[PDB]
Every structure is written in C-alpha cells, then in structure tokens.
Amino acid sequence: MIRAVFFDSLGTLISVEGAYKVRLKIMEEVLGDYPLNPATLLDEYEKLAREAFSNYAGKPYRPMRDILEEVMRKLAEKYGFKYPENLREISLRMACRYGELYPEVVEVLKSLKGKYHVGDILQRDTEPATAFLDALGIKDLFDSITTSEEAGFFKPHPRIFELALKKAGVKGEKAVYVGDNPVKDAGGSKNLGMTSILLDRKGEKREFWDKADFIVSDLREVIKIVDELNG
C-alpha cells in the first residue's frame, strides 16, 4: 500500500507567476537605479544558475546560497554594478513577501495529512527553505521536511530520498513522489521503488511522460491516485 506522499514544494508547488515575481523583485532590489533592465539580469542569472547547478548534480552538497552568490558576483562583474551585500537576506525577504502557492496546495496537503505521511523533499539550504515554508504557512502541514543539506548530496544522488523514506519509516515501495522534473527524480527515486507522479500543469513535458508512472495537471488528482492504489 501507499503510506507516504512526498512533494517538492519550493521547487514545484510555487505558482509560476509567484516564482518569477520573487526573482524579478530580487533583481530589482540588487540593481537599484543601475541602468540595466532587471528582466535581462534575471534571464542571465537563470542561465548561469542552471549551468552552475548542472555542474553539481549528483555531487556532495555545497550551500546553494554560496553557489548563487558566486553567480551574482560574475553578473556584477559582467554588467558593472556593485556586488550586493546580504544577497541571501534580500532573497529570503522577497521570497517571504511575494512567494505564492498554487491555489489547491493547502487543501491537498491537509486532505493527505490525516491518512498518509506527507513529506517535502527540497534541494535548498535548510534554514531559508524552512523559513520560506513558514512564511507560506505550510511548514507544519508536513510530517517531514528533508533537504539536500541534510542528505549531503545533490540530486540525482538518491541519499535525499533514502533519508526522506527513513523519516517516514517505510521503504520506497510504500511511497509516492510528486515532482515536475522526472530526470532528477528517475535517477534517484526509481531505484528505490517509489511511484512517480509528474505534475505537468500545462501539458508541456509530454516527451518525459514515459519517465513517470502517473501524470497530473492538478494536485487534487494526487489523492485519487493514491486512494485507488490502496483499493
């Protein structure tokens, strides 16, 4: 049976408008009056961030805030603005202020929490991640919160999933994982026996649906999938 349901909250349950707005507001704060379009800075930042994380996939953990501060230092040198002090404080303030959940998230977590172990699996530094979950109001809706900082390795390394399952006290066969990127999922959770649910809200990832056991566009479909797996 399924006894645990795991999500990637800060990575996949934040609205698309909300995540972009947090990031844009960080760039605007960093730039101040400097004559660079913040949207252009954001685009360049995401490019360099994706590159930097790909270099760390599967590797031993290094604070993500340190990685992103390195990226911002390269951007400051590139465009000529002064490197912002306290970037991680700016970012946490903007996340707490403008972060936004998909509308069905609170309902879904509450509906599951009574009957399953509801867990979060996050590739974030634990302290800002947990503060962000607190600001969003869902921290205490989770039975467990597990991070790459706790596990010691970046995905697709399986240690983070091994730890999340240990916290729930079950083997992977008893657990579902809801994500939006199936490759860092498959490279880890598949070998542990977990059932994978891909969240594809706009149907934009059809070429990866074969890498997932179930595909949904609304998180309220998750309870129906698990309730039925449990007959």
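All residue numbers are counted from 1 along the displayed sequence.
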Avg C-alpha B-factor, entry values, 209 to 217 vs 21 to 29, higher side is 209 to 217
Which is higher on mean Cα B factor in this entry, 59 to 67 or 182 to 190? 182 to 190
Out of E100, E127, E107, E85, which residue has the highest Cα temperature factor in the PDB record? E107
When the entry's CA B-factors for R93, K155, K74, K139 are compared, the highest one belongs to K155
Which third of the chain holds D200 when residues are ordered by C-alpha B factor: lowest, middle or highest? highest
Chain-wide C-alpha B factor ranking for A4, given as lowest, middle or highest third: lowest
Where the record places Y34 (Cα B-factor, split into thirds across the chain): middle
Relative to the other modelled residues of the same chain, rank the CA B-factor of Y45 and answer lowest, middle or highest third. lowest
Lowest, middle or highest third: where is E51 by C-alpha B factor in its chain? highest
